[PDB]
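Shown here is one chain on its own, the form solved without ligand NPO, set out as structure tokens.
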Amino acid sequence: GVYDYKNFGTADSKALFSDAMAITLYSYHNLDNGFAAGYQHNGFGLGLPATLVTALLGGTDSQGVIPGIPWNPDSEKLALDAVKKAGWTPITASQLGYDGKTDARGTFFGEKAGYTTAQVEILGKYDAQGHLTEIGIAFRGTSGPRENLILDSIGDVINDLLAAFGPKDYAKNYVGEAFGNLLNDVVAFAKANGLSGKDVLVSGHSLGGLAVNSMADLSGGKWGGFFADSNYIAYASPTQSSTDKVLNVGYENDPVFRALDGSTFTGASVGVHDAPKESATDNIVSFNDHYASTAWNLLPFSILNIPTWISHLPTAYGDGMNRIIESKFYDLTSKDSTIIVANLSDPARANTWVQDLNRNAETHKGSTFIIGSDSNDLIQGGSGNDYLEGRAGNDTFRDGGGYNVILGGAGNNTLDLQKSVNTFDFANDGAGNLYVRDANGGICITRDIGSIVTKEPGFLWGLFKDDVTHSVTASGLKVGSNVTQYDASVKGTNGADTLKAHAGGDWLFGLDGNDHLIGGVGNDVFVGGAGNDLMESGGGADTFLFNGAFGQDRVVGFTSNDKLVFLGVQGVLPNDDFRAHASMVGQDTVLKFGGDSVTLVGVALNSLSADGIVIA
């Protein structure tokens, strides 16, 4: 999964990520709530006010409400209730034995000249008996005195801040200078409750993300090393720690994220700075109104240009990346997967296709994940391999080719093929999967798609020209009484079946259980499904399709003109080819994808070509 952390599993890494996000949002106390709501309802016509940038960098005094930055009057209670819902409660100065200042919200402040406006939330998570189990440390970092943010033009201010993070270890030492003493109190409090450093979660966004990286850098040497094994998840940080301890998460198009190399200012800092980084998620796109807009992108992309900061705002972090967490494709992803998150305003959502424009970014590699919203989306996949997820709402999908999985989700969803129904083949396993094969052989596995739209250059069956809507039914694609039949198939059961293809060729759907799929001399498509399936070509140009937790399969009679298709399987890194998954075991080649495997019986690995083994 994209947010895998240390050696935690997929699932435990997700739970950590979701807590980090939650305490991170809490730390801003809904600063951007009204702005985000305005954007959602109206779009980004009016851009972004410099006062929002200065607020994000310098903090606020307080509370409300601030030009032009709409203020949700319930910001405070909303934010507290949200963090509580995620399991967290602010810990009191008294509980920590902390002699210093906390405000009306319970926020802690920085301790040394230059840091005195920095903020941190110290939160506790408790079991059902009221025993503390986890401590959450959410930094809300600030640039220094607020008053400095308007003594020059906002671009000069940003430029100078960036240039000052690296020299004299300013960034590295930030948390030591700001919260050194408080963190000693936290150690004692943790030990008093039987917790160790592994039980502490550290997060934050923006300058708060810079603080996360700082604490990680300091954790080996300060506070007795207590925090060396703590969990660090930083959002939208300009910096990266020198340690291997921080998961730096951010939107590719967020100009703050990764602006510095470690803490070093470079020629890319005020431009596009999308070079890969080991600690960071490098290819998550916020598909928002700015990103989508020709007008907005006339000027070169730069942190110094305030509209670009739209992609830095915290609400879209929490909303968009929570949708990543919830995705049915989540366990297919890895840290540098290309993921496009639908983040359009309501007006833009109506007529803008969410797609990988690859704007202001290095060329993307590997498969592409496009995650929709809970409303009606227009989603367009590319000519490579795509995983498209509609979620709720009536979603419409387009896709440019390749091998793909399209999940309609809730709603009445549509696949728009943009070409004649005559150029495509359709099959259906009876288990909610509708397969769509293009003229070049690319295959889409689709679910919850009720309608197919085709563009007919002639009068399909002498009746319908131009755009034609077909209904997906058990018996075929229907237009009134007209049916486009599915391809010949043989369907099994969820137990162990023997299925035999006819000489003309069949799709063979084993479904669950350990199946015996006997192909014929025709061109068959073998879908063993779950279980450990034995699949015999029987001649012809056959295709063997593997999705999900597909089991330990054996393929017999595989030749050069046959194809393996791995689509929505485990263990695939961007741009893996089959050699990364292949080994020889005696006379057979074995292809492994996480815990699942295909054995190509009596096939020497050196005889295989990548053209015959599609890894998506």
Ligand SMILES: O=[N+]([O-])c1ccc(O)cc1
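Note that residue numbering begins at 1 and tracks the sequence as displayed.
The same protein has a further form, the form solved in complex with ligand NPO, not shown here; the description that follows concerns it.
Asks: Is there a heavy atom of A55 lying 4.5 Å or less from a heavy atom of ligand NPO in the deposited bound form?
Replies: Output for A55 is yes: heavy atoms within 4.5 Å of ligand NPO.
Asks: Given that ligand NPO is not shown alongside this chain, does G505 nevertheless sit within 4.5 Å of it in the deposited bound form, heavy atom to heavy atom?
Replies: Result no; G505 lies far from ligand NPO in the deposited bound form.
Asks: Decide whether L573 counts as a contact residue for ligand NPO in the deposited bound form under a heavy atom distance cut-off of 4.5 Å.
Replies: It does not: once ligand NPO is placed as it appears in the deposited bound form, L573 has no heavy atom within 4.5 Å of it.
Asks: Contact between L31 and ligand NPO in the deposited bound form at 4.5 Å, heavy atoms?
Replies: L31: yes, in contact with ligand NPO in the deposited bound form.
Asks: Among the candidate residues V590, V65, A50, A580, which is the single one with a non-hydrogen atom no more than 4.5 Å from ligand NPO in the deposited bound form?
Replies: If I apply the 4.5 Å criterion carefully, the residue I get is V65.
Asks: In the deposited bound form, which of the listed residues (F44, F558, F35, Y26) lies with a heavy atom within 4.5 Å of ligand NPO?
Replies: Checking each option against ligand NPO in the deposited bound form, the one that comes within 4.5 Å is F35.
Asks: Going by heavy atoms within 4.5 Å, which of 102-110, 470-478, 307-315, 434-442 lines up against ligand NPO in the deposited bound form?
Replies: This holds for exactly one stretch, 307-315.
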